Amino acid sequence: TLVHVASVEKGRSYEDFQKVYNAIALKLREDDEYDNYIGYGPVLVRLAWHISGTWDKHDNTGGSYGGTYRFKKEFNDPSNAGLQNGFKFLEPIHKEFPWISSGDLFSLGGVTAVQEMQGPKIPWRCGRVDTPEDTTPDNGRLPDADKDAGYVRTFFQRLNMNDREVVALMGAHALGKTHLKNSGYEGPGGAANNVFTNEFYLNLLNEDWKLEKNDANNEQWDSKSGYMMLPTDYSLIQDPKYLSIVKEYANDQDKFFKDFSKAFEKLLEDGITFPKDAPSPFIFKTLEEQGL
């Protein structure tokens, strides 16, 4: 097992990171046209997850710590097609705040996006440190979407996530959409795809899903409302253990928010050793809470 010890960017404290948060949040508000007016929130959430989801608990390779998405091997992972948009969004932020590590920036982008989209508070810790190009994980550690519940369950064991954590994390698929050219899947999951809600679960349960083929010749579940579910999304109502948890989150928005927050923080922190005298996690104020 590799050890990656969090090291606070020199002399920085909460206020410095709140300024970075605010710059991301202001740019989210400004650059509103992206992806037919969805805006950049969803893609920044996906970026934070994909830079974290390379982690392997068995040897501590991958994970958010090293900021390795900046290197070509990872940037060009077919699993990451489309995330270049999130990276380009963050470039002016990094230029303004060149002191933040890449992993801190990519993970903070996700936190900022969730919160600005009216999601739960996500505590966040600084101290990821850029690591060299040879530490970039090989392609193929992110999950396939054409598979079943057993695949999902097994996949997420590598990330140390249990059934509840998996079902909670998947609720992020209320955000944004699938794009045929990126992933071979097309369409949104619901009507509210740049506001963070529990609509993924409601739509799973309440829509009439039909197994269809899309224009890339892949199967996906479609509804007459114009929404879709990936096979891995739909697996959460095929498996009886997942189904129970889907029903719980469909019926309790606060529970969903609390469980998502904990699972997302955990995802973003996997692989990182925090010294006992490290700062406590930061909880950033939204622009709205600041009157900004």
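The first residue of the sequence shown is number 1, and the count goes up from there. Under this definition, the rigid core comprises the largest set of C-alpha atoms superposing within 1.5 Å between the forms.
Of the two stretches examined, 188-196 and 160-168, the one with higher mean CA deviation in 8 other deposited structures of this protein after a rigid core fit is 188-196.
According to the PDB record, 225-233 carries the higher mean C-alpha B-factor of the two stretches 250-258 and 225-233. Annotation for 275-283 versus 14-22: the higher mean temperature factor (C-alpha) is found in 275-283. When the Cα B-factors of 197, 203, 131, 107 are read from the PDB record, 131 comes out highest. The residue among 50, 266, 70, 241 whose C-alpha atom has the highest B-factor in the PDB entry is 70. In this PDB entry, the Cα temperature factor of residue 46 sits in the bottom third of its chain's modelled residues, the lowest group. Per the PDB record, residue ranking by Cα B-factor puts residue 145 in the middle third of the chain.
The deposited CA B-factor of residue 127 belongs to the middle third of values across its chain. Among the modelled residues of its chain, residue 220 has a C-alpha B-factor that falls in the middle third, as given in the PDB entry. Split the chain's modelled residues into thirds by C-alpha temperature factor. Residue 186 is in the middle one.
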